[PDB]
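Below are the chains, spelled out letter by letter.
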4 protein chains.
Amino acid sequence: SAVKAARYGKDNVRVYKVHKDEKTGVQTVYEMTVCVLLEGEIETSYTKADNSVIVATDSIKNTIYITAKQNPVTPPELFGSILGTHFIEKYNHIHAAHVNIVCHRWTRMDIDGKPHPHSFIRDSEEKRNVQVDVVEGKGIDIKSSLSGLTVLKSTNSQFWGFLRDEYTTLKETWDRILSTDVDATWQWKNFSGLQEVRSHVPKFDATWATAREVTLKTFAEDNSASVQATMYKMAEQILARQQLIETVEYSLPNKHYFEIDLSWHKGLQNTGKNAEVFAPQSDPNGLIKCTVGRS
Amino acid sequence: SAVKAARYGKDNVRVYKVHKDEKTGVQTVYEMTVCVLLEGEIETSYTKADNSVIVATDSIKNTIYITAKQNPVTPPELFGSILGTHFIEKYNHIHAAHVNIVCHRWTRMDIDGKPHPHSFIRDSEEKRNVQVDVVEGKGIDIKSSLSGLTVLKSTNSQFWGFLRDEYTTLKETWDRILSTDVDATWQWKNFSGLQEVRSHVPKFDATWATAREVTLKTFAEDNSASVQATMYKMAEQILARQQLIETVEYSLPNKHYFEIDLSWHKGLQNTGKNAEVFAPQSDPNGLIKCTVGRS
Amino acid sequence: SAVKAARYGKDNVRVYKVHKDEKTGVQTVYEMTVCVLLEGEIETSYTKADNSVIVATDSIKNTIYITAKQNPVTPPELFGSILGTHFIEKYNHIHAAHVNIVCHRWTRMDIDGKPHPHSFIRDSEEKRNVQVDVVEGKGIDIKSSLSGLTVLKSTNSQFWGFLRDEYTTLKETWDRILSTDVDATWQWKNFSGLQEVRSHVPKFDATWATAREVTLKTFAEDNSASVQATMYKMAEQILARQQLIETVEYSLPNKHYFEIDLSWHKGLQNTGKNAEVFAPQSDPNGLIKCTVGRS
Amino acid sequence: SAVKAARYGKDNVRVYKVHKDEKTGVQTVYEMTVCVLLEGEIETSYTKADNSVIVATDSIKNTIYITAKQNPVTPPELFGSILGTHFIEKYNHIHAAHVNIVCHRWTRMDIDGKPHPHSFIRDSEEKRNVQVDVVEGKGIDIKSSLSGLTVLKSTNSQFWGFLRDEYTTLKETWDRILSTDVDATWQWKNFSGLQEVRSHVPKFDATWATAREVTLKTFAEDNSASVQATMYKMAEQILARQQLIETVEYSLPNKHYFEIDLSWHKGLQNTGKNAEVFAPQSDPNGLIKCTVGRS
Ligand SMILES: O=c1[nH]c(=O)c2nn[nH]c2[nH]1
Ligand SMILES: O=c1[nH]c(=O)c2nn[nH]c2[nH]1
Ligand SMILES: O=c1[nH]c(=O)c2nn[nH]c2[nH]1
Ligand SMILES: O=c1[nH]c(=O)c2nn[nH]c2[nH]1
Ligand code: NA
Ligand code: NA
Ligand code: NA
Ligand code: NA
């Protein structure tokens, strides 16, 4: 037997950082969960009990904190690139670093219509994420995403004209509820290294905001023919607005809300045009994915 | 042996309701999870296998949907009171109904600065809840709450002057992070029945809003001496603003964020006045509770 | 306003302890999650920012570890009683301690048919719990429980003869699936203090084992008329076998498995006597409770 | 823009099946959660709102139930292969089916030392899983796994001789706790189609049992030099015992248990040889992966 692939590191490293403006007194907080996995010439730790090639996972944890102390942690694409580059430059035998960062929301509170200098609310479970793969001699590959964005529209969704055979019971519909949790990923063109990532820093926050805005506006405004058709419209728009993106991937569950026939009870009408009360279904759920790239 | 207490019913009943304004085209959605447990002369179902006294839990589920079809589901204090009263009036041998409702957030989307007629976002995991106990001959007892409101302030929290003995290692501090998940409950004066609950309908939403506003403003503005002192200030204010409330209860975890000493690494300064990077602690956590009533 | 009730302490304190037999080389592990909440003359910490009355929650955490170092942690009824008594004896102004312990399963591995001296498996998510309330001048109240015991029987469950009215759609049945997660609590007679708890130490593990054995055998063997009737049989037996128990409480969800009518597809028969494939329902669920005491 | 990749289907389909032996009266239950995602000539559903190419996700759900009614659901490798093959054969334009199955434990109860004919316990949260990819013209690729197997050993784990630099604080150790949740995957050689999968049916359960047995015995008996070294030993053995396996992958968290220094309290000794009470750490955790194949 032989080691075909190996990686190891530290997962679930929670990090908080505060920035304090001495002039204005305003404080800004960042909170993330970080995972770093390393690859390189480490097979002998597996096959020969040779620990000399192991950068201890505990040391990786220390490094994340030190790096956060000495560098900006925003945008996460930059922080991830700095963190990954550190490992491949510092250790001769480490040739790839894989950094995943989940950013948690701490939104500044408005108290009596004015922004508070040091108080924050977790205003959503929505996350902003990055995956950064730093590979020696091959540059920096970055996938940015948003996830956990939960939305619902109560009308202006349709689903008709699908395949019908002996396995089909679903009725065609011209008016249904559509609800989903959005997971959207945009993949950046490969960067040559840190200098290039730094050159594009302003684009990271702007592209996240664009992806979010396009997702929300398209969801709200599209008279949806299917989840498939609506998600494609979202992806097309994002690719149009940022040329440094190579692909956009969406993964959308279809979180079903079922009509409840109450006609058995005093002829109560609660279906079709009369539907007011519905049963949200926890499971099963449709799951629709697509990756959109350039012609 | 004897049955000392018994209750039974249906839990985890998910309900969605839509209101459609025909004039304006605006739609409004409500989503809840409902639990109803009944008590009464039902001991023989336990001791003698006498199912004749059992209103089937499946029938309770049907009743929740029917009641939602035929009545307002907002404010939840009203819906809960209607639902509970139904069971005690309809069934001679059922003498108490216990209704718990969790309301989920579906906040209207703003698209290009204007409110969208039929699109919504789950803008937080914060819940608004009610517990309604409807007891035959004893009226309606209602406890309203908010829960899952997660906040953090990065300064203006202190904790010093606590008891010090041979079990104490905690250092006194004049500047720390304070973060919590707020669970706040206000207990209404007993109502005589549905007519009285209906008479006070406008007070329910207003009191929820007040409790939320007081919680946020007090958290943000108090230079906190302890979680204990800050939460008391919140409760005092709520009781002052709504005379129909008898008690306010808060249950607050103290979600710790620890300093990280980095001095071992090149004399890096990251404690006290120099603290920028912290380690959020998943567990353990302080847990502070208090119930405040009138003199 | 006035403080009507207050308690505070540390929750989610994870503790592991190992016992090493020097003679045999056998090791035994215990893992628990502990919560301790205190009450006493502490109102001024809330109303006056008087921290002098506060035993810091951090100190409570330290105390749990120290107490685990210096005492047996099994049975948990004993450990909880020791821990609670410590706080009321040590601090003049603390008058009640509320200790909750969740015990996690670490079951010794069998390797090649023999018990391994130091390797363990989490063989179930089932917990053994205690709630110990130690109140100055009022002794020690202990509630022992098991929870998270998930079982299913595929036949020998019935449900017929329930109330039928205009809210009822449920069909009577003489053969259904019954599945539940068992939560069973037995309440001990009040103990005068630690000496008395110590006097009964052997009864704690024995009564837990009896409660578990009775629950499993009754579930498996009863041709169940309802969840209500089966759970009463369990409680009756436990009370018969341990005279120091005052009450037994069961809380059982009815985790529904629905028939799937497949007759629309080539006349496939999958209902009644022909039912083979079912749809487990995540929600809603029945919830049945009862507290059984002595005549 | 163009569709680069697309797949869609139904996730979280819960399925239960019962087998009833008419001769012996013994019943056997199976419970699974199934996901099926399809690929093929479906791009126009995304780009042109052409639903004619969509096999509705609801129909996929129906198909899972029908297929479970008409076929064995064990071993899951077989059921998954049948289910996947159905979609590629039935629909001309569907060219790949991706089937994921999670099998839940329902272990027959022993009552008074004898196996009960129709009562079961969820004796662990451990799962047995399969991923089956059925691709038209390319056969059937099967990855079998176990996951959620949680183990702990209290001694006979070491970790010393790792890299030490200015980022390192971890002390070398010759005696520590090792605890992990095992995720182990074995990848079968490609099968040409259903006939070949059927030919190997007995090997599936046997290989699962072997993988489990090897994992447990190796964990218990290895005087572990590192997680890396121990996991390699496991993988090597599995590959030796089943020639139809091409690779074995392990993913193991290192769930840390920290010593607690209590020396500040009355010189209490609880470190090194005196360590009895430890603090289990919820996060962060080491994460160690490896894929082992043949020379
Ligand atoms: O077994 C281990 N492997 C590692 O890579 C490691 N790093 N810290 N502790 C460790 N333990
Ligand atoms: O055992 C049961 N008890 C009940 O109260 C009930 N209601 N519906 N099905 C039921 N099953
Ligand atoms: O606000 C606090 N209250 C307390 O009781 C406490 N104990 N430790 N830290 C604390 N912080
Ligand atoms: O938008 C949808 N897409 C689908 O593929 C589907 N299948 N059932 N309902 C559906 N809705
Ligand atoms: Na390198
Ligand atoms: Na009544
Ligand atoms: Na006392
Ligand atoms: Na095909």
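Rules and cut-offs
- Residues numbered from 1 in each chain as written, not as in the entry; some residues may be left out.
- Chains lettered and ligands numbered in written order.
- Heavy atoms only, no water.
- UniProt positions renumbered as here; feature names shortened; annotations may be inferred.
- Contact = heavy atoms within 4.5 Å.
- Buried area = accessible area lost by both parts, 1.4 Å probe.
- Salt bridge = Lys/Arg side-chain N within 4 Å of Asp/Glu carboxyl O.
- Polar contact = N/O pair within 3.5 Å; in protein donor to acceptor, adjacent residues only side chain to side chain.
- Helix = DSSP H or I, 4+ residues; strand = E, 2+ residues; numbered from the N terminus.
- Nonpolar A, V, L, I, M, F, W, Y, C, P; charged D, E, K, R; others polar.
- Pairing = 2+ DSSP bridges.
- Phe/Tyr/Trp six-rings, centres within 6.5 Å; stacked < 30°, edge-to-face > 60°.
- Buried < 20%, exposed > 50% of the residue type's maximum accessible area, 1.4 Å probe, protein only.
- Core = buried A, V, L, I, M, F, W, Y, C linked by side-chain atoms within 4.5 Å.
- Least-squares fit on C-alpha atoms.
- Expected span 1.5 Å × (residues − 1).
- Donors = N, O, S within 2.8 Å, 3.2 Å for Na, K, Ca; no water.
- Near = heavy atom within 4 Å.
- Areas by Shrake-Rupley, 256 points an atom, 1.4 Å probe, with all protein chains shown as cover.
- Axes fitted to C-alpha atoms, helices over the stretch in contact; angles between N-to-C directions.
- Left-handed = near helix turned anticlockwise from the far one by under 90°.
- Parallel < 35°, antiparallel > 145°, perpendicular 65-115°, else oblique.

- The PDB entry lists chain A under the name Uricase, from Aspergillus flavus.
- For this entry, the PDB title field holds "Urate oxidase from Aspergillus flavus complexed with its inhibitor 8-azaxanthine".
- Looking at the Catalytic activity heading of the UniProt record, one finds this comment for chain A: "urate + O2 + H2O = 5-hydroxyisourate + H2O2".
- UniProt annotates chain A under Pathway with the comment "Purine metabolism; urate degradation; (S)-allantoin from urate: step 1/3."

**Let's talk about the interface of chain D and chain A**
Part 1 of the reasoning: With 69 residues of chain D in contact, the opposing surface of chain A contributes 69 residues.
Part 2 of the reasoning: For the chain D face of the interface with chain A, the top three residues by lost area are D:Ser1, D:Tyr46 and D:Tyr167, together amounting to 13%.
Part 3 of the reasoning: Inspection of the chain D/chain A interface yields two salt bridges.
Part 4 of the reasoning: At the boundary of chain D with chain A, the tally comes to 42 residue pairs in polar contact.
Part 5 of the reasoning: Counting only elements with at least two residues in the side of chain D that touches chain A, the list comes to β1 (2-20), α1 (43-47), α2 (57-70), α3 (76-90), α6 (227-241) and β12 (285-293) of chain D.
Part 6 of the reasoning: Per-element accounting of the side of chain D that touches chain A gives the leading share, 13 residues, to β1(D).
Part 7 of the reasoning: Class assignment of the residues belonging to the side of chain D that touches chain A gives a composition of 30 nonpolar, 25 polar and 14 charged.
Part 8 of the reasoning: Looking at chain direction, strand β12 (residues 285-293) of chain A and β1(D) are connected through nine bridges and run antiparallel. Residue pairing in the sheet places A:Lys289 in a bridge with D:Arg7 of β1(D).

**Quick word on the packing of aromatic side chains**
Part 1 of the reasoning: Taken as a whole and judged by the stated rule, the model has 28 aromatic pairs over all chains.
Part 2 of the reasoning: On the numbers, 5.4 Å between centres and 90° between planes, the contact of C:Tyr16 with D:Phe278 is edge-to-face. On the criterion of chain membership, the pair formed by C:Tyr16 in strand β1 (residues 2-20) and D:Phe278 in strand β11 (residues 277-280) is interchain, its members lying in two chains.
Part 3 of the reasoning: Residue classification places C:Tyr16 among the buried residues on the basis of a relative accessible area of 0%.
Part 4 of the reasoning: Judged by relative accessible area, D:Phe278 falls into the buried class, the value being 10%.
Part 5 of the reasoning: Both rings, one in D:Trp188 and one in D:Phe204, keep their centres 5.0 Å apart while their planes meet at 80°; by these two values the pair is edge-to-face.

**Considering the interface of chain D and chain B**
Part 1 of the reasoning: Across the contact, eight residues belong to chain D and eight residues belong to chain B.
Part 2 of the reasoning: Both sides of the chain D and chain B interface together cover about 730 Å² of buried area, and 54% of this is carbon and sulfur.
Part 3 of the reasoning: Three residues stand out in chain D for area buried against chain B, namely D:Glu166, D:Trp264 and D:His265, and they jointly supply 48% of the buried area on that side.
Part 4 of the reasoning: If you look at where chain D meets chain B, you find zero salt bridges.

**Looking at the nonpolar core**
Part 1 of the reasoning: Core analysis: the largest hydrophobic core is formed by 163 residues, its most contacted members being A:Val34, A:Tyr250, D:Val34, D:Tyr46 and D:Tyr250.
Part 2 of the reasoning: Those residues in contact with D:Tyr46, other than ones at most four positions away along the chain, are A:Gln228, A:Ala229, A:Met231, A:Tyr232, A:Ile288, A:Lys289, A:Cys290, D:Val3, D:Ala6, D:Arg7 and D:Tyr8.
Part 3 of the reasoning: With 161 residues, the next largest nonpolar core counts B:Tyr8, B:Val34, B:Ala184 and C:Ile54 among its residues.

**Side note on the relation of the copies chain D and chain B**
Between the two copies of this chain, the relationship is a rotation about some axis together with a displacement along it.
Part 1 of the reasoning: The two copies are related by a screw operation: chain D maps onto chain B through 180° of rotation and 0.0 Å of translation along the axis, at an RMSD of 0.0 Å. With respect to symmetry, the two chain copies, as superposed, fit the operation of a two-fold axis. It is D:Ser282 whose C-alpha, among those of chain D, lies nearest the rotation axis, at 3.5 Å.
Part 2 of the reasoning: Most of the interface of chain D is mirrored in chain B, where 100% of its interface residues again form contacts.

**A closer look at helix α5 (residues 201-221) of chain C**
Part 1 of the reasoning: The end-to-end C-alpha distance of α5(C), which contains 21 residues, comes to 31 Å, matching closely the 30 Å that a straight helix rising 1.5 Å per residue would cover.
Part 2 of the reasoning: Considered for burial, the residues of α5(C) that qualify are C:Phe204, C:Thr207, C:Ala211, C:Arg212, C:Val214, C:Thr215, C:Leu216, C:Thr218, C:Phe219 and C:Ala220.

**Notes on the coordination of the sodium ion (ligand 6)**
Residues and elements named next belong to chain B.
Part 1 of the reasoning: The coordination sphere of the sodium ion (ligand 6) contains the protein donors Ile88 (O), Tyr91 (O), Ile94 (O) and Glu136 (OE), at a distance range of 2.3 to 2.6 Å.
Part 2 of the reasoning: When the donor residues of the sodium ion (ligand 6) are listed from N- to C-terminus, their spacing reads I-x2-Y-x2-I-x41-E. Of this pair, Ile94 sits in strand β3 (residues 94-104) while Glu136 sits in the loop between β6 (127-135) and β7 (139-153), placing them 42 residues apart in sequence.
Part 3 of the reasoning: With a relative accessible area of 0%, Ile94 lands in the buried category.

**Quick word on the site of ligand 2**
Part 1 of the reasoning: Looking at ligand 2, the residues that line it are B:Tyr8, B:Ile54, B:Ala56, B:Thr57, B:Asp58, C:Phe159, C:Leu170, C:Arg176, C:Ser226, C:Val227, C:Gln228 and C:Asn254.
Part 2 of the reasoning: This site is not confined to one chain, since residues near ligand 2 come from chains B and C.
Part 3 of the reasoning: The contact in question runs from a nitrogen atom of ligand 2 to an N or O atom on the backbone of B:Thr57, over 2.7 Å.
Part 4 of the reasoning: C:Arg176 has a polar side-chain atom sitting 2.8 Å from an oxygen atom of ligand 2.
Part 5 of the reasoning: Surface burial for ligand 2 is 97%, taken as the share of its 270 Å² of free accessible area covered by protein chains.
Part 6 of the reasoning: Breaking the shell around ligand 2 down by element, the ones donating at least two residues are α2 (57-70) of chain B together with α6 (227-241) of chain C.

**Describing the side chain of B:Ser119**
Part 1 of the reasoning: The residue B:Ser119 is located in strand β5 (residues 114-121) in this model.
Part 2 of the reasoning: On the basis of relative accessibility, which here comes to 0%, the residue B:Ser119 falls in the buried class.

**Some details on the packing of helix α5 (residues 201-221) of chain D against α6(D)**
Residue and element names in this part refer to chain D.
Part 1 of the reasoning: The geometry of α5 relative to α6 is characterised by a closest axis approach of 9 Å and an angle of 145° between their N-to-C directions. Here α5 runs over α6; the crossing is right-handed. Of the residues in α6, those touching α5 at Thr210, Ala211, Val214, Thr215, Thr218 and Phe219 are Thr230, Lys233, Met234, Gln237, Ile238 and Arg241.

**A short note on the packing of helix α2 (residues 57-70) of chain A against helix α3 (residues 76-90) of chain A**
All names here are of chain A.
Part 1 of the reasoning: Where α2 meets α3, the closest approach of the two axes is 11 Å, and the angle between their N-to-C directions is 130°. For the element pair α2 / α3, the angle class is oblique. With respect to the hand of their crossing, α2 and α3 are arranged in right-handed fashion. On α3, the residues that touch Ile60, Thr63, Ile64, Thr67 and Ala68 of α2 are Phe79, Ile82, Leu83, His86 and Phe87.
Part 2 of the reasoning: Its residues assigned to classes, the contact of α2 with α3 shows seven nonpolar, three polar and no charged.

**A closer look at the UniProt feature "binding site: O2" in chain A**
Part 1 of the reasoning: Following the UniProt record, the feature "binding site: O2" maps to A:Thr57 and A:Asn254 here. Taken together, the annotated residues stretch across 198 residues and extend over separate regions, lying up to 38.9 Å apart by C-alpha.
Part 2 of the reasoning: Summarising the element assignment, A:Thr57 is placed in helix α2.
Part 3 of the reasoning: Those residues in contact with A:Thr57, other than ones at most four positions away along the chain, are A:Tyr8, A:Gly9, A:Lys10, D:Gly286 and D:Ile288.
Part 4 of the reasoning: Inspection of the secondary structure puts A:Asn254 in strand β9 (residues 245-254).
Part 5 of the reasoning: By relative accessible area, A:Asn254 is classed as buried at 10%.

**Here's the deal with the site of ligand 4**
Part 1 of the reasoning: Every residue lining ligand 4 is accounted for by A:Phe159, A:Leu170, A:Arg176, A:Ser226, A:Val227, A:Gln228, A:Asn254, D:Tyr8, D:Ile54, D:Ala56, D:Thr57 and D:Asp58.
Part 2 of the reasoning: One of the side-chain N or O atoms of A:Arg176 is found 2.8 Å from an oxygen atom in ligand 4.
Part 3 of the reasoning: Taking A:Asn254, its side chain carries an N or O atom lying 3.3 Å from a nitrogen atom of ligand 4.
Part 4 of the reasoning: Notes on ligand 4: free accessible area 280 Å², of which the protein chains cover 97%.
Part 5 of the reasoning: At the level of elements, α6 (227-241) of chain A together with α2 of chain D are the ones that each hand at least two residues to the shell around ligand 4.
Part 6 of the reasoning: Grouping the amino acids of the shell around ligand 4 by side-chain chemistry returns six nonpolar, four polar and two charged.

**Brief notes about the coordination of the sodium ion (ligand 7)**
All names here are of chain C.
Part 1 of the reasoning: Ligation of the sodium ion (ligand 7) by protein atoms is provided by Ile88 (O), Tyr91 (O), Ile94 (O) and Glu136 (OE), these donors lying 2.3 to 2.6 Å from the ion.
Part 2 of the reasoning: The sequence pattern describing where the donors of the sodium ion (ligand 7) fall on their chain is I-x2-Y-x2-I-x41-E.
Part 3 of the reasoning: In this structure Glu136 comes out as partly exposed when scored by relative accessible area, which is 39%.

**Things to note about the UniProt feature "binding site: 5-hydroxyisourate" in chain A**
Part 1 of the reasoning: Sequence positions flagged by UniProt for "binding site: 5-hydroxyisourate" are, in local numbering, A:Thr57, A:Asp58, A:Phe159, A:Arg176, A:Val227, A:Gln228 and A:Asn254.
Part 2 of the reasoning: With respect to the secondary-structure elements, A:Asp58 resides in helix α2.
Part 3 of the reasoning: Given the relative accessible area of 13%, A:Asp58 is considered buried.
Part 4 of the reasoning: Every residue in contact with A:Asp58, bar those within four places of it in the chain, is listed here: A:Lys10, D:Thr169 and D:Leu170.
Part 5 of the reasoning: Structurally, A:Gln228 is set in helix α6.

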